[PDB]
């Protein structure tokens, strides 16, 4: 009621990562979004200068699934989170989705997806953070195998100091 639920399926799978800008986010649960497919891409054709590769999005696709982490945050954090996802620049749109826990409990969450983008593989670094989060927060093993199987691009240059530190440890 003072709080809301956020469903993360990209780099915010990783606790250390979401805590950079949202240190008060609390793990709530692991959940499955039915009939959505994970993709990676360049919003409005532009390559992310943070990640140097496609960043995560989802689209509707019967038979597919996306697993993620539901985080609980204060509604005071709502504008900040929209700013982090570049809603104002058109990089993601706010969505509402209904996801299901492993016990089959349905949860309504705020999430984000891209509406105008070009498919493009993620950087090795973006991929590592995603895989690290999925492992850390105990997404199902089969889904983790799916994330680990993603073919990244060949970027081997510098990412942010704070990103690099997370990977090193």
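Residue numbers count along the first chain shown, from 1.
- Comparing 156-164 with 18-26, the higher mean C-alpha B-factor in the PDB entry belongs to 156-164.
- Stretches 52-60 and 38-46 differ in mean CA B factor, with 38-46 having the higher one.
- Going by the entry's values, 78 shows the largest Cα B-factor out of 99, 91, 94, 78.
- Per the deposited coordinates, the residue with the largest Cα temperature factor out of 122, 104, 68, 133 is 104.
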